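Data block below; observations after.
Ligands are counted one by one from 1 in listed order, and the atoms in each one are counted from 1 as well. Side-chain atoms are counted along with the backbone in the values below, which use heavy atoms only and exclude waters and symmetry mates. Below, chain A is the first sequence line, B the second, and so on; all start at residue 1.
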Amino acid sequence: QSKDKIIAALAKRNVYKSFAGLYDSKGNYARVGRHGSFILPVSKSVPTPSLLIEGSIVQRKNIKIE
Amino acid sequence: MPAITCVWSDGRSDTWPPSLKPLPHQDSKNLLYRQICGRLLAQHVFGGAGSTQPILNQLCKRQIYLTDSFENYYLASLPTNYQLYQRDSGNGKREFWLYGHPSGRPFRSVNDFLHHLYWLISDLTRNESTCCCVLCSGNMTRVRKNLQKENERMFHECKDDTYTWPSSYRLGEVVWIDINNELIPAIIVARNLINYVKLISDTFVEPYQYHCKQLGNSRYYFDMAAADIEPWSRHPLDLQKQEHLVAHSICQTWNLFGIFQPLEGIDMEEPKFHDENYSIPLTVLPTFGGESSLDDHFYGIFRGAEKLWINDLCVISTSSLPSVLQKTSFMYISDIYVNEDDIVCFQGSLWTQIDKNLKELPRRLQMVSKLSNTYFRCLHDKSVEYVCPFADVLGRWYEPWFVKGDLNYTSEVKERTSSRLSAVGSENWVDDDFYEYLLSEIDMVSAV
Ligand SMILES: [Cl-]
Ligand SMILES: [Cl-]
Ligand SMILES: [Zn+2]
């Protein structure tokens with residue numbers, strides 16, 4: 001019971017036993033690639049994921065606020 | 001007092017029905033119900049688990065305009081076709097039931113309805129499978145709730161590592177600790193903001209207390225300052241020093257994390273809500289979870305000792321790269337994904353930095369410019385970006401003040417793992433007492 005109160009208090013401090021990348025997402029085939037290859041241009045057509053992190057662009061919401 | 005309305009509703013009037021007493025819009029308890037929904041909805045859509053944006057805002061206080069105190073928001077109206085009720089208990093306590101859900105069952109607490117309410121305003125595809133509420137998910141509700149919470153925290157961990165508090169060490173990284181002139185191998189286990197013009201500059205340099213776990217030892221080291229921590233690539237590890245072999249083993253691994261579905265351009269827009277008293281743009285919580293493509297996209301990746309993110313700055317090999325781009329100091333990462341050849345690719349813009357001794361820059365670089373004599377320029381057309389494999393990413397880019405000296409100790413990153421904990425090994429991670437100690441160490445100082 002006393003562990004639940006510590007954790008709850010650390011959460012007010014934005015402290016958790018878990019963070020991104022620590023535990024397996026399920027609870028794989030990606031590979032590194034070839035060094036010294038060519039680095040090619042591509043189109044920045046639509047807002048990339050990075051800009052939702054920055055805040056320059058936001059996801060729509062089904063919400064009206066007055 | 002901002003009033004919130006739902007754009008759409010799945011409510012069905014014909015689900016409406018041990019007595020039940022209707023609570024109309026005017027009832028003081030219906031209002032309280034809609035006040036709780038509005039406050040917590042507002043804190044979810046414009047916040048979410050793990051947000052530290054209020055800390056940066058209150059530090060900066062020293063389209064639609066809106067107050068940022070979400071305790072004032074409230075539902076102008078319940079979603080169409082939903083009806084609230086008071087039900088008498090034998091336990092006695094009163095319960096407030098909300099009918100309307102297509103299943104024909106009530107939400108017996110405001111807390112259970114909130115998850116469905118949040119799905120109504122967030123899921124733009126109106127896909128019933130993405131809701132965490134009890135009536136759409138049944139027994140999967142805890143699992144879905146937990147994952148959502150983890151994802152919300154991941155987003156804010158990403159934002160903090162690249163936007164809010166970027167000049168810092170990152171959770172799970174392997175670093176060098178310097179205590180009493182001793183170089184100690186350690187891993188960042190936890191960190192907290194320190195409760196407090198020059199206030200904003202000192203916070204940008206030293207925003208965190210770090211709490212670490214020595215590698216090869218059972219020793220905890222709490223309340224570490226960045227001034228006493230150096231990146232793993234600053235000093236060499238010793239081959240004959242047996243206890244250094246845990247840090248050597250971890251810094252050869254890498255693991256992707258934080259899979260998500262990129263958003264379509266039609267589901268995005270310019271910031272619409274801002275702070276009415278300071279014009280700060282509100283942080284809108286994205287809900288990536290959906291259905292899609294042959295490319296899997298990822299929030300970030302551990303590269304040996306360091307953590308890397310989308311929206312982050314990283315060093316890349318300039319060897320195989322046209323003459324026009326060899327001044328490249330770092331890539332500003334836009335996207336991290338596994339292509340259809342199963343290769344991890346980094347996509348972003350390439351920049352050079354000039355030490356003399358802002359509209360179009362990310363906040364991280366805007367601050368580096370204000371706090372140093374360093375100038376940044378993009379080396380290519382604003383409308384294209386470049387893609388290199390993970391093989392050509394060398395490590396993190398650090399702010400110019402972050403490291404006295406240079407980083408020449410590259411490591412051979414050649415082993416993929418499913419998790420950071422898997423590469424660390426549970427015997428080398430912390431025990432539950434760590435967090436008991438931590439709480440005592442930061443009980444007074446840390447931000448809340
Ligand atoms: Cl794991
Ligand atoms: Cl109502
Ligand atoms: Zn639901």
Side-chain angles (χ1 to χ4, degrees), chain A residues 17-28 62 64, chain B residues 3-6 8-13 15-16 21-38 41 44 74-86 96-123 125-148 150 171-172 187 250 253-258 287 289 302 416-430:
Chain A
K17 296 188 183 175
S18 198
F19 49 76
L22 187 61
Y23 299 103
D24 186 328
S25 64
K26 293 177 189 173
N28 193 250
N62 293 325
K64 176 188 92 176
Chain B
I4 293 167
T5 311
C6 288
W8 87 282
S9 163
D10 69 334
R12 299 200 102 246
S13 63
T15 62
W16 298 7
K21 170 169 158 170
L23 295 184
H25 178 92
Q26 321 94 51
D27 189 291
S28 185
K29 290 160 175 181
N30 187 310
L31 166 58
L32 177 63
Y33 194 101
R34 297 182 357 255
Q35 287 180 309
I36 295 150
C37 288
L41 182 58
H44 202 171
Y74 76 95
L75 256 54
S77 170
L78 285 168
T80 295
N81 285 21
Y82 279 82
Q83 186 65 240
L84 183 68
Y85 297 81
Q86 190 180 259
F96 301 97
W97 289 15
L98 188 74
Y99 283 84
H101 191 270
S103 69
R105 293 179 188 198
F107 289 100
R108 308 197 183 196
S109 77
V110 63
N111 309 97
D112 289 342
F113 167 67
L114 260 180
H115 292 280
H116 195 76
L117 178 63
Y118 177 80
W119 172 81
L120 280 172
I121 63 98
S122 284
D123 186 5
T125 66
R126 311 189 181 185
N127 182 1
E128 304 127 34
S129 297
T130 77
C131 187
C132 307
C133 94
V134 193
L135 298 181
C136 306
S137 295
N139 274 340
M140 292 297 103
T141 181
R142 279 202 239 291
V143 163
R144 283 177 167 186
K145 279 189 270 242
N146 292 340
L147 177 58
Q148 175 64 22
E150 284 199 339
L171 297 170
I187 183 157
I250 300 167
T253 65
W254 61 272
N255 57 292
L256 288 155
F257 56 84
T287 53
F302 277 99
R416 191 195 61 238
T417 66
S418 61
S419 182
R420 192 53 154 183
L421 185 58
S422 165
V424 172
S426 60
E427 65 278 22
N428 297 307
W429 196 234
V430 298

Is the Zn ion (ligand 3) less than 2.8 Å from at least one N/O/S atom of [X]?
| X | answer |
| --- | --- |
| B:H116 | yes |
| B:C131 | yes |
| B:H101 | no |

Within the 6.0 Å centroid threshold, strictly below: B:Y99 and B:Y85: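 When the ring centroids of B:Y99 and B:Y85 are compared, they turn out to be within the sub-6.0 Å range.
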Parallel, tilted or perpendicular, as decided by the 30° and 60° cut-offs, for the rings of A:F19 and B:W429: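 B:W429 vs A:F19 ring planes: perpendicular.
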Steps toward ring-ring contact (aromatic ring centres under 6.0 Å, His included) verdict (B:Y82, B:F113): CA-CA 11 Å; B:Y82 279 82; B:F113 167 67; 5.8 Å; yes
Neighbour count above 12 (heavy atom, 6.0 Å) for B:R142 CZ: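 No, because the 6.0 Å sphere around CZ of B:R142 holds 12 heavy atoms or fewer from other groups.
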